[PDB]
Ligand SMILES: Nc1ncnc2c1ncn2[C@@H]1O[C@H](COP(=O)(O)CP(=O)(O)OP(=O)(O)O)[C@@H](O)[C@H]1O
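Form solved without this ligand, single chain, as structure tokens, below.
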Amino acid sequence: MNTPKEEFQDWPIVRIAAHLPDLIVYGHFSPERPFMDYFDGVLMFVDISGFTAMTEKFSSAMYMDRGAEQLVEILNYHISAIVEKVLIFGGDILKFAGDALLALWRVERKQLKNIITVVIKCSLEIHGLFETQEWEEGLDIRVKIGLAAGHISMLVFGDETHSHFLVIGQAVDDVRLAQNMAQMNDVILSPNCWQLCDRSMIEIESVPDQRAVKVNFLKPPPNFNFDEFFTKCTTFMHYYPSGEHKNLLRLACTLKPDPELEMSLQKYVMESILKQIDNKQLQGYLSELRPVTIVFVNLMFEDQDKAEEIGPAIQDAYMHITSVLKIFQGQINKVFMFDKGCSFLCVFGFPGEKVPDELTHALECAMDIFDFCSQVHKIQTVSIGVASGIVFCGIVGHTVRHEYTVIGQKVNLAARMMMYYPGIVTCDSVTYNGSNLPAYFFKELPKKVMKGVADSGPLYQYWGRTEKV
């Protein structure tokens, strides 16, 4: 008999899995919400804000009607190279969130030392991708890398239709803190990472007023062979593609139809993405420059590093947020950790209902979320930034590992407002002026110099309908 080769590998479940990390795809966990689990690993946080800064280059009339298409193509070109590096070095890309890629090497505690070596080598090779590259002489096609290691907690929350996850804990706090200390082309190790690492491999320098360290060089011992060392480390990498599948970047490319698994995984993915996956919408439909209103919600906790403490609070907040968003067709685009808690990137369509009505609705939704989340046990501070304007939307990343993302000046503005104006609902001038709501529903705020955003215009607090608050 003939032996035709080439198994079909383009199933809906495989396409869904491109949007998720191995942590979820192979997770097999409890139906209970919140769900918490605990493990150890090494985290890499790659700041790609230099790449996402290109939303401004591609807003130019020079791109004719194709700024969104050109942006996603160039972003995917460079980001795919980073993703391939992480995956070939055995990492799991957790999230494209906050203008960054967060990756994880989950391993037993005894193996953290050797895996830190693999992750440092990966980080240096990521920098190596961008060694020559630049054409606009601006926006900066370079990256900053923070690494951390230690205890990691995972939180899964959601309802019967939708699921989200977060990784939480001191290593998570440390990885974003380490990346913030980095200059372009730097690799910064968290204090615990530097405590746990193989010091014979590397030369470091101190970071002033910090216990974190900068990697100057990876200079291994004379008899060291990285390929042989990496092969040894793969013993501890559960899902590293191997044998017949050593040509694949992800084991998830081998997933076969399994209705129970697909039912679980689709909950993490937006319905408009599933429509495209099902070939019920054109593959290019979601790459666009569109007017939206961003509602960015920040929840602060005393113990942002402890999942048992914050998990029920996030679940409770999520159940309310999703009910408020449902009424006015808002979406949660992303959930991710900041230094003191949990950020929800919510998005409304701006011409989904016209002029004063939609902007009024986004403000009213913001206040509703603010009032409910303020009364959630263990939520210490709620802060909400509301900003309206043109953003880039699209599926960004590699063929095998990509996520729908929203980027642009107005996303960055809503994110900074919720940090610089904590404890209140704030909005930009487009939202304030557009809502046509009476002026006494607001308070004009003192101007702040917010790192990363320039010429913000007047900002306002949404005080609400009465003198209350």
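For every residue, the number given is its place in the sequence shown, counted from 1. For clarity, a rigid core is taken as the largest C-alpha set superposing within 1.5 Å between two forms.
One more form of this protein exists, namely the form deposited with this ligand bound; it is left out here, but the text below deals with it.
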Worksheet item: Is the binding site on this chain open or blocked for this ligand after its pose in the deposited bound form is superimposed by the nearby C-alphas, counting blocked as 3 or more ligand atoms within 2.4 Å of backbone or C-beta?
Response: blocked
Worksheet item: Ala97, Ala81, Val324, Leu124: which sits within 4.5 Å of this ligand in the deposited bound form by any heavy atom?
Response: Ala97
Fill in: Of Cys393, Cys373, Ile115, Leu345, the one that lies within 4.5 Å of this ligand in the deposited bound form (heavy atoms)
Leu345
Item to complete: Determine which one of 422-430, 407-415, 28-36, 438-446 lies within 4.5 Å of this ligand in the deposited bound form, judging by heavy atom distances; exactly one does.
Response: 407-415
Worksheet item: Any of the heavy atoms of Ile48 lying within 4.5 Å of this ligand in the deposited bound form?
Response: yes
Worksheet item: How about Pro458: is it within 4.5 Å of this ligand in the deposited bound form, going by heavy atoms?
Response: no
Item to complete: Please run the contact check for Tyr318 against this ligand in the deposited bound form: heavy atoms, 4.5 angstroms, yes or no?
Response: no
Worksheet entry | this ligand contact at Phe338 in the deposited bound form, heavy atom, 4.5 Å | yes
Discussion item. Just to make sure I understand: among 283-321, which residues lie within 4.5 Å of this ligand in the deposited bound form, judging by heavy atoms?
Written reply: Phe296
Worksheet, complete the sentence: Just one entry of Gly138, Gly284, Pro221, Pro259 has its C-alpha move 2 Å or more between the shown form and the other one under rigid core superposition, and it is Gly138
Worksheet item: With both forms fit on the core, is the shift of the CA atom of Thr52 between the shown form and the other one 2 Å or larger?
Response: yes
Worksheet item: Rigid core fitted, is the C-alpha displacement of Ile327 between the shown form and the other one 2 Å or more?
Response: no
Worksheet item: Is it true that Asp357 shifts between the shown form and the other one by 2 Å or more at the Cα, once the core is aligned?
Response: yes
Discussion item. If the C-alpha spacing of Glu353 and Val430 moves by 3 Å or more in the deposited bound form, is that a move closer or farther apart?
Written reply: farther
Response to the item:
Checking the C-alpha spacing of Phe96 and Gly138, a student should find that in the deposited bound form it changes by 3 angstroms or more, with the atoms farther
